[PDB]
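J.: Dropping a structure here in structure tokens format, bear with me for questions.
In this analysis, Cβ positions are derived from the backbone assuming ideal geometry, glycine residues included, and neighbour counts consider all displayed protein chains. Every number in this text was worked out from the coordinates using simple rules, so none of it is lab data.
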Amino acid sequence: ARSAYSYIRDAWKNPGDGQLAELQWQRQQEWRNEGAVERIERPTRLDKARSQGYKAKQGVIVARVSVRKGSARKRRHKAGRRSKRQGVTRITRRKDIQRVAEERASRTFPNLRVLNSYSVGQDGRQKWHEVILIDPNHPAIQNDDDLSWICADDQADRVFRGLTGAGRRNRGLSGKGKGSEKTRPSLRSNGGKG
Amino acid sequence: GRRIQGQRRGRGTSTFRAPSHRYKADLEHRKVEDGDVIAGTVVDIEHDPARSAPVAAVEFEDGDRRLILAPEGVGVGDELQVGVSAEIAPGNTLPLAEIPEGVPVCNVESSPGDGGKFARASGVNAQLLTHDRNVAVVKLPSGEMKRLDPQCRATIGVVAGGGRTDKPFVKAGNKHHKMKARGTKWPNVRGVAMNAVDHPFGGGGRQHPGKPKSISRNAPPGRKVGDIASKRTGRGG
Amino acid sequence: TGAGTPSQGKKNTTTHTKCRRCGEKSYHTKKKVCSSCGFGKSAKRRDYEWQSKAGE
Amino acid sequence: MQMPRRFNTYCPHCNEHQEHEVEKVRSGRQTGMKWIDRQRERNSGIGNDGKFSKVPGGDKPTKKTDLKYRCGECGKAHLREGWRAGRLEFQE
RNA sequence: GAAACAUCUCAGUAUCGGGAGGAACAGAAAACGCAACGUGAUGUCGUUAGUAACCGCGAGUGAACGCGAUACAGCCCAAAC
RNA sequence: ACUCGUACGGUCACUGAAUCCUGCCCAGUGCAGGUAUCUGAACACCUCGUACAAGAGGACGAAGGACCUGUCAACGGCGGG
RNA sequence: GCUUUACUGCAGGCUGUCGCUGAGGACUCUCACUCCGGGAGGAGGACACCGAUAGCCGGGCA
Ligand SMILES: [Cl-]
Ligand SMILES: [Cl-]
Ligand SMILES: [Cl-]
Ligand SMILES: [Cl-]
Ligand SMILES: [K+]
Ligand SMILES: [Mg+2]
Ligand SMILES: [Mg+2]
Ligand SMILES: [Mg+2]
Ligand SMILES: [Mg+2]
Ligand SMILES: [Mg+2]
Ligand SMILES: [Mg+2]
Ligand SMILES: [Mg+2]
Ligand SMILES: [Mg+2]
Ligand SMILES: [Mg+2]
Ligand SMILES: [Mg+2]
Ligand SMILES: [Mg+2]
Ligand SMILES: [Mg+2]
Ligand SMILES: [Mg+2]
Ligand SMILES: [Mg+2]
Ligand SMILES: [Mg+2]
Ligand SMILES: [Mg+2]
Ligand SMILES: [Mg+2]
Ligand code: NA
Ligand code: NA
Ligand code: NA
Ligand code: NA
Ligand code: NA
Ligand code: NA
Ligand code: NA
Ligand code: NA
Ligand SMILES: [Sr+2]
Ligand SMILES: [Sr+2]
Ligand SMILES: [Sr+2]
Ligand SMILES: [Sr+2]
Ligand SMILES: [Sr+2]
Ligand SMILES: [Sr+2]
Ligand SMILES: [Sr+2]
Ligand SMILES: [Sr+2]
Ligand SMILES: [Sr+2]
Ligand SMILES: [Sr+2]
Ligand SMILES: [Sr+2]
Ligand SMILES: [Sr+2]
Ligand SMILES: [Sr+2]
Ligand SMILES: [Sr+2]
Ligand SMILES: [Sr+2]
């Protein structure tokens with residue numbers, strides 16, 4: 001039979017329809033008055049959280065982050081630039097808003113490590129994402145056969161080096177064949193052409 | 001070129017800033033709940049460095065020493081009342097609804113409870129004209145008919161220090177002293193006397209503007225100089 | 001007044017001093033920032049890639 | 001100059017002389033789906049677009065004859081080398 | 001550089017911000033597509049090749065599959081119950 | 001920032017104490033107001049096209065422009081016969 | 001370096017359109033959102049702000 005989780009999932013397929021439309025209209029009013037990074041006890045999308053790796057355990061933290069909507073907040077050139085490099089308005093950043101959210105969260109919690117994240121909607125001026133962070137130093141996690149990999153030294157600051165799922169997708173690493181010639185094993189090894 | 005003088009202004013540097021640390025008080029109306037039982041005695045009449053007009057020092061019934069925007073004919077010993085049921089006397093503050101038509105008023109609020117925005121300079125006044133349940137039409141010092149909320153407070157009488165503009169400065173030194181008390185860079189060098197690099201009207205073998213002086217509203221800062229969006233120019237016609 | 005020799009006489013102000021962090025006479029006693037190591041500006045030591053030739 | 005609307009001349013299709021009809025080549029409308037149209041969309045970004053930033057040039061004082069010679073029996077057309085003519089009017 | 005120059009080129013170079021390790025990153029196919037009755041995670045080396053592809057179709061720019069090597073290693077969740 | 005400011009304000013320009021004065025010109029350029037009609041992009045909408053799409057056309061039409069008016073202590077002009 | 005009715009572009013301003021954005025070719029409302037108010041509450045209101053795109057102006061700048 002269907003899980004209770006499948007209903008949270010099916011509601012989030014259309015966040016502008018049904019009971020969720022009313023819920024988000026109410027929640028966003030409280031969210032707009034909240035901070036940049038707000039730690040929350042329980043995830044808004046349980047299915048997605050659990051699907052991404054969350055467990056109702058010690059050392060597993062969730063936090064909602066709001067990042068501004070739109071393109072790059074670019075300053076115009078103060079020196080000589082050829083016509084091609086004179087733009088301000090149409091320039092967009094190479095990192096997506098989800099990745100900016102994950103980084104801001106990881107900085108608010110220096111000891112924790114980013115596991116994953118997901119979208120929880122937007123209004124006209126900003127976007128909200130909930131980031132699942134993990135405590136690599138808590139024994140409740142060092143003994144977890146499903147999460148203890150994040151405790152390794154090489155997993156330190158994993159988000160800033162693009163090792164998150166959102167990191168790997170934004171780096172163009174999804175495709176294993178055609179189209180990923182300049183992306184795998186890294187953008188840097190391929191001369192920054194990805 | 002180089003940024004024009006009006007552009008250096010917005011950066012808010014020392015040269016363009018007002019000497020706020022030498023200023024006395026932010027002349028706002030008192031916060032009363034409802035009851036009118038707030039009145040006070042005028043203790044002193046001081047000079048306000050920010051507006052070059054006098055300001056009255058009032059001590060209220062509850063023990064609050066605040067500087068208020070002084071109208072004409074207000075002295076030491078005089079009692080001033082602030083509230084809804086206040087007396088229609090010069091120097092009293094009450095909402096526009098309670099003030100009768102045809103009475104000169106000053107320190108008028110824009111949105112009820114802001115503390116006064118309009119008619120604050122030396123000798124000027126706002127004229128209260130029409131009454132309604134919804135709107136109070138006030139004629140501001142510029143001659144404009146401002147439709148306001150009747151719950152907007154205002155002080156009865158014309159502002160003190162009238163006729164200041166009547167006497168000439170005579171000499172540059174007097175202007176210097178007035179300007180040292182304001183948020184203004186003075187003296188003024190004409191753009192026509194500058195280099196092309198410094199102003200749109202700069203350059204030339206003789207002094208005259210480049211293009212015509214009447215500039216469009218859509219003009220960017222650095223080009224918006226001369227006669228900004230002029231409907232007309234000159235005296236005749 | 002000339003910008004050269006006669007303007008050098010007014011120079012009796014102390015700005016750059018011995019730094020607590022690096023030991024260089026670059027701690028600006030008015031800015032409270034070291035021009036050499038960045039003490040007072042950053043926790044990280046001031047270093048730049050242009051302090052050496054590009055391929056070195 | 002004056003040009004006869006219908007006249008006897010060679011047909012490279014029929015391989016014999018037939019009565020041809022002369023018509024001025026009417027410009028066929030563009031689809032906007034050729035490679036050059038797709039390149040105009042792709043190679044245009046911030047600043048100058050190179051070749052796509054150029055505007056159409058001038059005109060020669062006199063253009064050549066742009067004509068179609070349509071066969072009377074087989075109904076197929078052929079193109080010929082044009083000649084400089086300030087005006088080209090047809091007879092009948 | 002294009003014997004000017006704007007796209008292009010120099011170059012994702014210089015330089016700047018953030019961060020890990022002793023190495024990093026990548027990685028067990030929603031792959032490939034010598035189309036196959038075929039291959040079988042990933043880096044890297046040789047080659048494929050200055051080939052395909054791009055380009056005021058100018059100057060210039062420029063892969064990959066495959067192959068020969070190196071080394072080889074596959075696994076864990078979410079959900080169902 | 002102006003601004004502990006509010007039109008007797010303060011911003012932007014021109015001229016340059018006082019005294020006597022400051023003519024004519026709105027065609028061009030600028031600014032501003034208006035505008036039946038004309039022109040005027042994209043989205044959505046309608047027709048054609050495509051089992052879809054590219055694409056072609058139509059309808060509607062903002063500011064702007066055409067057009068009209070105001071304005072020279074606005075740029076300036078004040079001749080030849 | 002500087003100028004402009006040089007070429008090409010880039011900011012900026014104006015304007016339409018989409019998102020935020022809701023209820024009953026012009027209109028009413030209040031629930032988002034904005035502002036005023038210490039507060040109660042008041043003004044405004046699906047507009048404005050902001051994100052995106054389109055047309056016009058655009059030596060202010062390259
Ligand atoms: Cl992290
Ligand atoms: Cl003054
Ligand atoms: Cl012809
Ligand atoms: Cl194969
Ligand atoms: K260049
Ligand atoms: Mg590598
Ligand atoms: Mg005040
Ligand atoms: Mg004056
Ligand atoms: Mg000063
Ligand atoms: Mg002057
Ligand atoms: Mg000079
Ligand atoms: Mg000179
Ligand atoms: Mg200039
Ligand atoms: Mg002169
Ligand atoms: Mg002059
Ligand atoms: Mg060259
Ligand atoms: Mg050439
Ligand atoms: Mg290249
Ligand atoms: Mg391939
Ligand atoms: Mg002079
Ligand atoms: Mg506020
Ligand atoms: Mg220039
Ligand atoms: Na962290
Ligand atoms: Na790319
Ligand atoms: Na492309
Ligand atoms: Na050359
Ligand atoms: Na040159
Ligand atoms: Na090119
Ligand atoms: Na004129
Ligand atoms: Na020079
Ligand atoms: Sr760290
Ligand atoms: Sr206040
Ligand atoms: Sr105030
Ligand atoms: Sr000049
Ligand atoms: Sr006149
Ligand atoms: Sr001197
Ligand atoms: Sr000194
Ligand atoms: Sr500092
Ligand atoms: Sr450094
Ligand atoms: Sr493109
Ligand atoms: Sr372009
Ligand atoms: Sr010609
Ligand atoms: Sr293998
Ligand atoms: Sr005079
Ligand atoms: Sr005119």
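J.: Between C:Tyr48 and B:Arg8, with labels modelled 7 Å along Cα→Cβ, what's the label distance in nm to one decimal, could you check?
T.: Between C:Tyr48 and B:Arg8, the label points sit 2.7 nm apart.
J.: Rank the residues B:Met194, D:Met1 as a footprinting-exposure proxy: fewest other Cβ atoms within 10 Å of their Cβ go first. Each step should come with its number before you reach the end.
T.: On the way: B:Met194 18, D:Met1 9.
Final ranking by Cβ density, sparse to dense: D:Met1, B:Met194.
J.: GNM on chain B, C-alpha springs below 10 Å: top fluctuator among B:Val43, B:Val124, B:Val159?
T.: B:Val43
J.: Among A:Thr164, D:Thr31, B:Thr184, which comes first, second and so on when ranked by fewest other beta-carbon atoms within 10 Å? Walk me through the numbers on the way to the answer.
T.: Values: A:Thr164 24, D:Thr31 7, B:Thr184 14.
Ranked by crowding around the Cβ, least crowded first: D:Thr31, B:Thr184, A:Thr164.
J.: If the only charges are +1 at each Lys and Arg Cβ and -1 at each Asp and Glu Cβ, what is the size of the charge dipole of the protein assembly as shown around the Cα centre, to the nearest 20 debye?
T.: Details: 117 positive and 64 negative charges, 1011 e Å.
Dipole size: approximately 4860 debye.
J.: Still on this structure: For region B:83-147, what does the alpha-carbon gyration tensor say about shape, rounded, prolate or oblate, given a ≥ b ≥ c as the root eigenvalues, a/c under 1.5 as rounded, and a/b over b/c as prolate?
T.: On the way: a/c = 1.34, a/b = 1.11, b/c = 1.21.
It comes out rounded by the Cα gyration axes.
J.: Can you compute the equivalent ellipsoid semi-axes for the protein assembly as shown, i.e. the square root of 5 times each eigenvalue of the Cα gyration tensor, sorted largest first and rounded to whole Å? Don't jump to the answer; show the numbers that get you there.
T.: Numbers: eigenvalues 829, 466, 251 Å².
Semi-axes, largest first: 64, 48, 35 Å.
J.: Working from Cα positions, state the angle (0 to 90°, nearest 10) between the long axis of helix A:97-108 and the longest principal axis of chain A.
T.: It is inclined by approximately 70 degrees.
J.: Now for a different question. On average over all directions, what projected area in square nanometres does region A:36-99 have, based on the convex hull of its Cα atoms? Walk me through the numbers before you get to the answer.
T.: On the way: hull surface 26.9 nm².
Mean projected area for region A:36-99: 6.7 nm², to one decimal.
J.: Could you check the simple spin-label distance between A:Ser174 and B:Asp34, using points 7 Å along Cα→Cβ, in nm with one decimal?
T.: So the two model labels end up 6.1 nm from each other.
J.: Something else: Based on the Kirkwood radius over alpha-carbon pairs, what value in µm²/s does the Stokes-Einstein equation return for the translational diffusion coefficient of chain C at 25 °C and 0.890 mPa s? Write down the numbers at each step before the final one.
T.: Details: Rh = 13.4 Å.
In µm²/s, the coefficient is 183.
J.: Between A:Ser186 and C:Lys30, what is the label-to-label distance in nm when each label sits 7 Å out along the Cα-to-Cβ direction?
T.: 4.5
J.: Moving to a separate point now. Arrange the following residues from fewest to most other Cβ atoms within 10 Å of their Cβ: A:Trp25, A:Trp12. Please report the intermediate quantities before stating the final value.
T.: Working: A:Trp25 11, A:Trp12 17.
In increasing order of surrounding Cβ atoms, one gets A:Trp25, A:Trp12.
J.: Report relative contact order for chain A in percent, whole number only (criteria: Cα-Cα under 8 Å, sequence separation at least 6). It would help to have the intermediate numbers written out before the result.
T.: Numbers: 251 pairs, mean separation 35.2, N = 194.
Relative contact order of chain A: 18 percent.
J.: Does chain A come out rounded, prolate or oblate, given a ≥ b ≥ c as the square roots of the eigenvalues of its C-alpha gyration tensor, rounded meaning a/c under 1.5 and, failing that, prolate meaning a/b above b/c? List each step's numbers first, then the result.
T.: Working: a/c = 1.73, a/b = 1.25, b/c = 1.39.
Judged from the Cα gyration tensor, chain A comes out oblate (a/c at least 1.5, b/c at or above a/b).
J.: Roughly how many Å is it from the Cα centre of region D:16-63 to that of region B:6-84, as a whole number?
T.: After rounding, the separation between the Cα centres reads 75 Å.
J.: Project the alpha carbons of chain B onto their principal axes and report the range along each, largest first, in whole Å.
T.: 70, 39, 32
J.: Given axes a ≥ b ≥ c from the Cα gyration tensor, I'd like to know whether region B:15-110 is rounded (a/c under 1.5), prolate (a/b larger than b/c) or oblate. Mind dumping the intermediate values first?
T.: Details: a/c = 1.80, a/b = 1.52, b/c = 1.19.
Taking the square roots of the gyration eigenvalues as a ≥ b ≥ c, region B:15-110 is prolate.
J.: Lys/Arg Cβ at +1, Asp/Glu Cβ at -1, dipole of region B:1-78 taken about the Cα centre: which of B:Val58, B:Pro19, B:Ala70 is farthest positive-ward?
T.: It is B:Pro19, whose Cα lies furthest towards the positive end.
J.: Next question, about the same structure. In percent, how large is the relative contact order of region B:161-210, given Cα pairs closer than 8 Å and 6 or more residues apart? If you can, show how the numbers build up before the last one.
T.: Values: 33 pairs, mean separation 9.2, N = 50.
With pairs under 8 Å counted, the relative contact order is 18 percent.
J.: Can I ask one more? Highest GNM mean-square fluctuation, chain A, Cα pairs closer than 10 Å: which of A:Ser106, A:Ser148, A:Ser117?
T.: Top of the fluctuation ranking is A:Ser148.
J.: Going toward the positive end of the dipole of the protein assembly as shown, with +1 on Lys and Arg Cβ and -1 on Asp and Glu Cβ, which of C:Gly40, A:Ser148, A:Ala36 do you reach last?
T.: Projecting each Cα onto the dipole axis, the largest value belongs to C:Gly40.
J.: Would you mind listing how long region B:18-68 runs along its three principal axes, going by Cα atoms, in whole Å with the largest first?
T.: 38, 20, 16
J.: May I ask you to list the trypsin sites (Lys or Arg not before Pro) in region A:1-78 that are in a DSSP loop and have at most 15 other Cβ atoms within 10 Å of their Cβ? Please list the in-between numbers first.
T.: Working: sites: A:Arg2, A:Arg9, A:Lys13, A:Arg27, A:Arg32, A:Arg39, A:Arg45, A:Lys48, A:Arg50, A:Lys55, A:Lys57, A:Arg64, A:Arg68, A:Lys69, A:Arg73, A:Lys74, A:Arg75, A:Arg76, A:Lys78; in loops: A:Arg2, A:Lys13, A:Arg32, A:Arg45, A:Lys55, A:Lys57, A:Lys69, A:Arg73, A:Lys74, A:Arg75, A:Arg76, A:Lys78.
Loop-located and lightly packed - A:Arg2, A:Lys13, A:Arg32, A:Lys57, A:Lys69, A:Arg73, A:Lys74, A:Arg75, A:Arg76, A:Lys78.
J.: Going by Cα centres, region B:141-220 and region A:81-101 are how many Å apart?
T.: Rounded to whole Å, the Cα centres lie 41 Å apart.
J.: If you don't mind, another one. In debye, nearest 20: dipole of chain B around its Cα centre with unit charges on the Cβ of K, R (+) and D, E (-)?
T.: Numbers: 38 positive and 26 negative charges, 633 e Å.
Dipole magnitude for chain B comes out near 3040 debye.
J.: Taking only the alpha-carbon atoms of chain D, what semi-axes of the equivalent ellipsoid follow from 5 times the gyration tensor eigenvalues under a square root, in whole Å, largest first? Mind dumping the intermediate values first?
T.: Details: eigenvalues 290, 69, 19 Å².
Equivalent-ellipsoid dimensions as semi-axes: 38, 19, 10 Å.
J.: Dipole of region B:1-121 (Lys/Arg Cβ +1, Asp/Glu Cβ -1, origin at the Cα centre): which of B:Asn92, B:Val105, B:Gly35 lies farthest to the positive side?
T.: Farthest towards the positive end: B:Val105.
J.: For chain A, set up a Gaussian network in which alpha carbons nearer than 10 Å are linked by springs, and say which option among A:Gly179, A:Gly167, A:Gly16 fluctuates the most.
T.: Greatest mean-square fluctuation among the candidates belongs to A:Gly179.
J.: Quick check for me: using +1 on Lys/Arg Cβ and -1 on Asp/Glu Cβ, what's the dipole size of chain D about its Cα centre, in debye to the nearest 20? Mind dumping the intermediate values first?
T.: On the way: 20 positive and 13 negative charges, 99 e Å.
Approximately 480 debye in magnitude.
J.: Counting only DSSP beta bridges with both residues in the protein assembly as shown, what percent are antiparallel, rounded to the nearest 5?
T.: Details: 70 of 76 bridges.
If we restrict to bridges inside the protein assembly as shown, about 90 percent are antiparallel.
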